[PDB]
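Novice: Just so you know, we're using the entry's author numbering here: the sequence shown kicks off at 1 and counts up by one. Backbone N, C-alpha and C fix where the C-beta goes; we use that ideal spot for every residue, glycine too.
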Amino acid sequence: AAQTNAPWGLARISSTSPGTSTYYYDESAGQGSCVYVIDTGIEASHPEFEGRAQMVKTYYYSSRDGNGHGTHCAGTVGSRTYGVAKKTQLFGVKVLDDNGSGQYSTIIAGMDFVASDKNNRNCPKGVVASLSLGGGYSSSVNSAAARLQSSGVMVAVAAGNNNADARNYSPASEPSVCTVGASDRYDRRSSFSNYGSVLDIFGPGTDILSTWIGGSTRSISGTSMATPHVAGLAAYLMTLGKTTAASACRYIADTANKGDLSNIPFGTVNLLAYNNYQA
Ligand SMILES: [Ca+2]
Ligand SMILES: [Ca+2]
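1) Alpha carbons only, please: which of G51, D65, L96, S101 is nearest the one belonging to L90?
2) Near ligand 1, which residues have their beta-carbon less than 6 Å from any of its heavy atoms, given in chain order?
3) Could you give the DSSP three-state label for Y236: helix, strand or coil?
4) Taking only the alpha-carbon atoms, compute the straight-line gap between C73 and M225 and give it to the nearest angstrom.
5) Checking the sheet assignment: what are the DSSP bridge partners for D165?
6) Taking the straight line between their C-alpha atoms, what separation do you get for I42 and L261?
7) Short of 6 Å in beta carbon distance, which residues of its chain neighbour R185, apart from the five on each side in sequence? Order them along the chain.
8) Among the candidates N99, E27, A246, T81, whose CA atom is the shortest distance from the CA of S216?
9) Would you report the Cα separation of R64 and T58, rounded to the nearest angstrom?
10) Report yes if the C-beta of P175 is less than 8 Å from at least one heavy atom of ligand 2; otherwise report no.
11) Under DSSP, the beta strand (DSSP E) around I264 begins and ends at which residues?
12) Does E174 pass the burial test, meaning 16 or more other C-beta atoms within 10 Å, or should it be called exposed?
13) For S221, I'd like the list of residues in its chain whose CB is within less than 8 Å of its CB, leaving aside the five on either flank, ordered along the chain.
14) Got a sec? Which residues, its chain only, sit under 7 Å from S151 by beta carbon, not counting five neighbours each side?
15) Can you give the Cα-Cα distance for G232 and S79, rounded to whole angstroms?
16) Between which two residues does the alpha helix (DSSP H) containing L90 stretch?
17) If you measure between the beta carbons of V180 and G203, is that distance less than 9 Å?
18) By Cβ distance below 6 Å, which residues in the same chain neighbour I107 in space, the five residues on each side in sequence not counted?
19) Checking the sheet assignment: what are the DSSP bridge partners for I108?
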């Protein structure tokens, strides 16, 4: 398959070079995988989700995304026009409030929820969780992410937007999950992206167009936008049978574009997520 005039990040993950405009991908498109978007929720009625999204848990008064952020992230995972894995099933877990905030106790509960809830879903090609969230270092938050991974879920987490070492942020700093930095369309590390030895991979995160609440779309930026590129890419590769929940991060790293990025600090990986699709 080939989506012309795609969002630049979609084009970028299917090219060895920046500046292309077509997203080339296998038509299997993540069918048979499942991705949990642990965030502010998902506006599952958005036309772009085509009935493939649903809310499965909320920690607030409503299951509605009153923010947009979780809808955006879910769009980059799996919407028709904006998504990496355009036929995956999406599951919404609302652990963040409508201002985008949440307490670590809630975030932890949400992760343990996914670990159990996946055992009651039919996800024959495997299960991924996308966590575009975090704050300062917490060993309990890291332990929760490690448990989620251990349970058989491909966990992708944002590196954080502090232009600092991700060692001091959670769940970014949990070594066993996949920690995602952000890049821009000119293959620079994004100005706000965290860095550090704990990063596994970079994905597109500056000026990312996706779905928004009220059946709308917009462009926003952050390691939160990079993370769902990786999570959708994992689901895509798991449906193709190339990798498993346990091995996907390492697979993506090993098959990344290497050495493409600028302003990567020594000791941080120079690796950009890449689907290695050949028609
Ligand atoms: Ca290159
Ligand atoms: Ca890691």
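Specialist: Once the coordinates are examined:
1) Along the sequence shown, read from residue 1 onward, the residue named residue 90 stands at position 90. Closest by alpha carbon: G51.
2) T16, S17, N257, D260
3) Looking up residue 236 in the sequence shown gives position 236. In this structure, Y236 counts as helix in the three-state DSSP scheme.
4) One-based indexing of the sequence shown puts residue 73 at position 73. One-based indexing of the sequence shown puts residue 225 at position 225. Those two C-alpha atoms are separated by around 6 Å.
5) Numbered from its first residue, the sequence shown carries residue 165 at position 165. In the DSSP output, where bridge partners are listed per residue, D165 has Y195.
6) Numbered from 1 along the sequence shown, position 42 holds the residue referred to as residue 42. Numbered from 1 along the sequence shown, position 261 holds the residue referred to as residue 261. Those two C-alpha atoms are separated by around 32 Å.
7) Here residue 185 corresponds to residue number 185 of the sequence shown, with the count starting at 1. Counting only Cβ-Cβ distances below 6 Å, and skipping sequence neighbours, we find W8.
8) Your numbering for residue 216 matches position 216 in the sequence shown. Of the listed residues, the one whose Cα sits closest to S216 is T81.
9) As a working mapping, residue 64 is identified with position 64 in the sequence shown. As a working mapping, residue 58 is identified with position 58 in the sequence shown. So the alpha carbons of these two residues sit roughly 9 Å apart.
10) By one-based count along the sequence shown, residue 175 stands at place 175. Yes.
11) Within the sequence shown, the letter at position 264 stands for residue 264. Where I264 is concerned, there is no enclosing beta strand (DSSP E), given that its DSSP letter is neither H nor E.
12) The residue you call residue 174 lines up with position 174 of the sequence shown. Classification of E174: buried, given that the 10 Å Cβ count is 16 or more.
13) As a first step, residue 221 is located in the sequence shown; it is residue number 221 there, counting from the start. These residues qualify, in order along the chain: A182, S190, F192, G205, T206, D207, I208.
14) Here residue 151 is taken as the residue at index 151 of the sequence shown, counted from 1. Only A115 meet the Cβ criterion.
15) Walking along the sequence shown from the start, residue 232 turns up at place 232. Walking along the sequence shown from the start, residue 79 turns up at place 79. One C-alpha to the other measures close to 10 Å.
16) In the sequence shown, the residue the question calls residue 90 occupies position 90. No alpha helix (DSSP H) holds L90; the beta strand (DSSP E) holding it covers 89-94.
17) Along the sequence shown, one-based indexing puts residue 180 at 180. Along the sequence shown, one-based indexing puts residue 203 at 203. Closer than 9 Å, so yes.
18) Sequence index remark: in the sequence shown, residue 107 carries index 107 (1-based). Around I107, the same chain offers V95 as residues with beta carbons nearer than 6 Å, after the five sequence neighbours per side are excluded.
19) For the purposes of this step, residue 108 is taken as the residue at position 108 of the sequence shown. Answer by DSSP bridge pairing: none, since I108 is not bridged.
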